[PDB]
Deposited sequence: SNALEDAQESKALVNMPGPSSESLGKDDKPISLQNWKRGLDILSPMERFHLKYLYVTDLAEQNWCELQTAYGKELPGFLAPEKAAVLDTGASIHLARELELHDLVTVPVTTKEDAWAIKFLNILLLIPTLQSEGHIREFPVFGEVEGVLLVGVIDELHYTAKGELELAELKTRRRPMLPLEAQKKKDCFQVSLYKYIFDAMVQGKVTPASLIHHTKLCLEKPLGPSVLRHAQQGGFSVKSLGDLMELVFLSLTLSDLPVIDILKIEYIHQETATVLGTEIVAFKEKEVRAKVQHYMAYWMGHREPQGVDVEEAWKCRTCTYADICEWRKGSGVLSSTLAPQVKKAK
């Protein structure tokens, strides 16, 4: 029985893989020992209507926030939300992820590696979306969305308020696929992480992620291999054994003992 089946998971979040970069075993324990008026058809419809509104905003106002992303990645559906997207002064599409720290210390290199992998996943999924690699069939196969169930009045409220007339959920998805791929949306050019002190608003550092598609794909194939149940989960390396000093599951983790 695969972890996705054991933990009753049908898709994953981008942060689930980011926390998996910190420790795969700690992430596994987090899903095993954790510590309805709307419908999944309605929730995804709201996500689609947000996209249909954000695409022209980014292409006209040049700046958007909270852009949802999704797509099948190595047999697993990965879902995420981009903090910020905007065109630079040179016409480059830049992604911004803001990290606030309560203490004014520089971020750990292990924290930077985890954050670099999170935004690399954002570009990985976003680029696949605007280039026509994410179909409505792949989402329906993974989310079990029933297309003939009519959308609840909460969504038609959220919709016609913006002027658009929705048909069924299937027609809503086909317009999203059209608007993602045929509206001249480019690939994300710049991946930018910014670390800020919460109080004094001091810049604690700024990373510009050097995106390499082959390395990103290889790391994803390795991580998704565990979730599909093809290999045992791994703990942290010995040089990063300090991660278990504060790990919730350090008292029953037999990797830290072995």
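Item to complete: Show which contiguous pieces of the deposited sequence have no C-alpha coordinates, counting from residue 1.
Response: Unmodelled stretches: 1-42, 78-107, 331-346.
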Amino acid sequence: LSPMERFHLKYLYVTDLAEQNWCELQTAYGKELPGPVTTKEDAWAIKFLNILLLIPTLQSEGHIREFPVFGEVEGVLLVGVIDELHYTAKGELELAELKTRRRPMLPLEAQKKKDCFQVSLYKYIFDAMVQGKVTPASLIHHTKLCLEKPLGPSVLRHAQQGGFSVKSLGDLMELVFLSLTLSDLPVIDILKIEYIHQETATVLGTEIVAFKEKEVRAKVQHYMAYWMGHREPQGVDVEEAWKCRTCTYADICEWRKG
From here on, numbers count along this sequence of modelled residues.
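Discussion item. Going by the mean C-alpha B-factor recorded in the entry, which is higher: 56-64 or 201-209?
Written reply: Taking the mean B-factor of the alpha carbons in each, 201-209 is higher.
Item to complete: On mean C-alpha B-factor from the PDB entry, just flag whether 37-45 or 185-193 is the higher one.
Response: Per the deposited B-factors, the answer is 37-45.
Worksheet entry | Residue of maximum C-alpha B factor among 123, 133, 113, 90, per deposited coordinates | The listed residue with the largest C-alpha B-factor is 90.
Item to complete: Among 74, 171, 94, 127, single out the one with the highest C-alpha B factor in the record, please.
Response: Out of 74, 171, 94, 127, the record gives the largest C-alpha B-factor to 171.
Practice prompt. Comparing against every modelled residue in the chain, figure out the third that the C-alpha B-factor of residue 159 lands in (lowest, middle or highest).
Written response: According to the entry, residue 159 has a C-alpha B-factor in the chain's highest third.
Worksheet item: Ranked by Cα temperature factor within the chain, is residue 118 in the lowest third, the middle third or the highest third?
Response: Ranked within chain, residue 118 CA B lands in the middle tercile.
Discussion item. Ranking the modelled residues of this chain by C-alpha B-factor as given in the entry, is residue 246 in the lowest, middle or highest third?
Written reply: Highest third, going by the recorded CA B-factors of the chain.
Fill in: CA B-factor placement of residue 147, once the chain's modelled residues are sorted into thirds
Highest third.
Item to complete: Give the position of residue 140 by CA B-factor within its chain, expressed as the lowest, middle or highest third.
Response: Its C-alpha B-factor, which the entry lists for residue 140, ranks in the highest third among residues of this chain.
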